[PDB]
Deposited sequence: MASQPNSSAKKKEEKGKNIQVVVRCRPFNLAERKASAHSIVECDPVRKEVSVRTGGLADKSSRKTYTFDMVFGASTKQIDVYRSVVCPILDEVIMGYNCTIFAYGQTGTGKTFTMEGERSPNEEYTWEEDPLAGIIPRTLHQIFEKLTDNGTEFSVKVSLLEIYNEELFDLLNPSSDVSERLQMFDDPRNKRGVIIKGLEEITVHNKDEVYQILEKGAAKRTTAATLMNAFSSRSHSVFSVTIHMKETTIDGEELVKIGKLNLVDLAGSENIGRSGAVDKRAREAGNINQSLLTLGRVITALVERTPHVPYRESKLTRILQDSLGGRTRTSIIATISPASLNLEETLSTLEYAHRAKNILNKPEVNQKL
């Protein structure tokens, strides 16, 4: 494809779908990279709609496999000194958070998601090659188009963060007062995710800013300096934005979400097709990530879906959205 990769990840059935007597309507073919949905209504057992993506992950797909296939290529980009972004898009309950952060010593938990493994690899790789480096991370939430710092020890209330341009080459934004925690070792990441989780819970309870209706943006910035005898030194800065989007399924409270997700989709489609003018300025989410989506870089979207007939509507909606972002045509022979 391109620098923009769109993959789909289907989760296994959950308890509620079993108790509701739901049926599997999704078929994943990792070889042909297709996802086909049994769409028939009453008496219609023949009509199915197929879609093609850069990759397709079945329900048995393991955390490490999503990481190996989707993130490794991207992290190598970041290490070379680039800004990249990874998205988790889909219906609430389909695995966006299970995928972005997931759920010992140096060996990674098999349920660990993209975030634990990523920090993990930063330290292993930069330590192994003797690079001089420092790693800082920030975690903010976007709810009803307002920013909240999830790692600020103090200034913890329902106070939003001020966003604004900045005298410098455009595309960037400065988020006034964004807490940026320095990480000293790979394991220190779980403690960071704990603080975030605890503060998100507070915002949920004290604002109704439920995680399922918000965008979580966890950014890791790596400052690197590498040297070799008869090879000159290098100063690089890499940044990876790991985004856990709001569920794709109050009046405008659902408008801001529905709108930003549609704006995001338009920004992605504009980048794939190279149409002048990409609508970054139309949403807080795309404005904040412009600097990473703007310049040349690797960008990936992980579309999560349910396999049950109970969620057919949202699954088709998600597949259509993923298809619209990067139109890949189905190949011959079914």
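Without any C-alpha position in the structure, which residue ranges of the deposited sequence would you list, numbering from 1?
Comparing the full sequence with the modelled residues, the uncovered ranges come out as 1-15, 119-124, 271-280, 366-369.
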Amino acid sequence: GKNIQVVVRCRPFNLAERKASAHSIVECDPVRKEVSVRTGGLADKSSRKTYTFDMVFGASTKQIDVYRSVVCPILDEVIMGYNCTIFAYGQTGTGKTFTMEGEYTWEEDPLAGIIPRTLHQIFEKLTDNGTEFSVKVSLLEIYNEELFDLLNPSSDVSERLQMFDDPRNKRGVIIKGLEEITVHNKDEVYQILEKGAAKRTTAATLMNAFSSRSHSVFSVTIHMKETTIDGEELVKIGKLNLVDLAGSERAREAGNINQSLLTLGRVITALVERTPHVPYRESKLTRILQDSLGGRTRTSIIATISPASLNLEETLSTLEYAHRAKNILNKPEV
From here on, numbers count along this sequence of modelled residues.
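May I ask you to compare 156-164 and 223-231 by their mean CA B factor in the entry and name the higher one?
Per the deposited B-factors, the answer is 156-164.
Mean C-alpha temperature factor, higher of 118-126 and 143-151
In the deposited entry, the stretch with the higher C-alpha B-factor mean is 143-151.
Whose C-alpha has the highest temperature factor in the PDB entry: 291, 27, 44, 65?
Result of the comparison over 291, 27, 44, 65: 291.
Looking at 252, 199, 215, 136, which has the highest Cα B-factor in the entry?
It is 252.
If you rank every modelled residue in this chain by C-alpha B factor, which third holds residue 37: lowest, middle or highest?
Tercile = middle for this residue's CA B-factor.
Classify residue 104 as lowest, middle or highest third according to the C-alpha B-factor given in the PDB entry, relative to its own chain.
Highest third, going by the recorded CA B-factors of the chain.
Going by the CA temperature factor in the PDB record, which third of the chain does residue 238 belong to: lowest, middle or highest?
Tercile = middle for this residue's CA B-factor.
Among all modelled residues of this chain, ranked by Cα B factor, put residue 172 in the bottom, middle or top third, i.e. lowest, middle or highest.
Highest third, going by the recorded CA B-factors of the chain.
How does the C-alpha B factor of residue 131 compare with the rest of the chain: lowest, middle or highest third?
It belongs to the middle third of the chain when residues are ordered by C-alpha B-factor.
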